[PDB]
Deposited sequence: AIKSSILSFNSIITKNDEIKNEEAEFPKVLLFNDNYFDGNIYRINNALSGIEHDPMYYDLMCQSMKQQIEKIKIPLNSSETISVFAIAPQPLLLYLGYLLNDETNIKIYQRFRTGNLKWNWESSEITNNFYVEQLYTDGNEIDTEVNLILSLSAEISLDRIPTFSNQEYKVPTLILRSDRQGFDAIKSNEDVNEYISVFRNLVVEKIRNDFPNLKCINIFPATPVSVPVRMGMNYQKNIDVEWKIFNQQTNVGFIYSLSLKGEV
């Protein structure tokens, strides 16, 4: 009832600290730790990295769904490229008995929350005036850990092809944009209600959201859990990579 298992994913070892974090959050470790292996470490370089990592993660999560779903609570400590954190949340896709933790740069317990209340506000800028019935794609910039300047987003030169764009920002940007679970809960509410659902209201024939993110670890995992399989449109996530800009990584997609 207070019992929690641990799920650990590190592809970028603080595992000995995780039971202590549970105790600070009304839990205690139940003895079940599920380690998601970094299967294709060494091939982080070539353009098949995300395809191959997703296949490994999917197989690893399927083999433990029976023990996983038997957990009273699952406490998740995941740090990886944002697309794989999104995919992890998609594989877990269960907002109810799952607690997603955030890693901080300083502190006695790097993975314990720095606050128990809302510390930030999240808000939307839209770079278009009106929706329409023609556009099928939207660009979504997530500027939490840093402000992604618009010159970094692939943008079509001709006006008839320019993709409508929205930005989701926080009042406080930086590595501590998320300090509490309350912060993430509020982010996810804004993301779902004022971004994802708003975009589909504005563009009723939407097929795809292109995501360009600078966010801390808890945010992509919680967005992946928030994905509504076969209901949401395709979410294509791009990744900032050295000397190349934002490159397409992977999609969350219906079947």
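Within the chain's deposited sequence, the coordinate-free stretches run 13 to 20, 264 in sequence order.
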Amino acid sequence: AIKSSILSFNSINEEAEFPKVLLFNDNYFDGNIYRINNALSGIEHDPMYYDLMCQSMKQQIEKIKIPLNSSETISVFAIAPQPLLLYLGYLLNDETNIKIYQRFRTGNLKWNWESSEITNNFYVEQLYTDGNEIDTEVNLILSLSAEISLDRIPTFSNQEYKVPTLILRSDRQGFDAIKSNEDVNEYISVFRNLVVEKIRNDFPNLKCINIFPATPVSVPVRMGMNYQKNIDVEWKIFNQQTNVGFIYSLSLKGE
From here on, numbers count along this sequence of modelled residues.
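Across the two stretches, 63 to 71 and 216 to 224, the PDB entry reports the greater mean Cα temperature factor for 63 to 71.
For the two regions 165 to 173 and 95 to 103, the entry's Cα B-factors average higher over 95 to 103. Going by the entry's values, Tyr128 shows the largest Cα B-factor out of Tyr90, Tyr128, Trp113, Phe77. Among the modelled residues of its chain, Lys198 has a C-alpha B-factor that falls in the middle third according to the deposited record. When the CA B factors of the chain's modelled residues are split into thirds, the value for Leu7 lands in the middle one. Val233: CA B factor in the lowest third of modelled residues in this chain (values from the PDB entry). Sort the chain's modelled residues by C-alpha temperature factor and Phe18 lands in the middle third, per the entry. Annotation for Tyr28: CA B-factor lies in the middle third of the chain's modelled residues.
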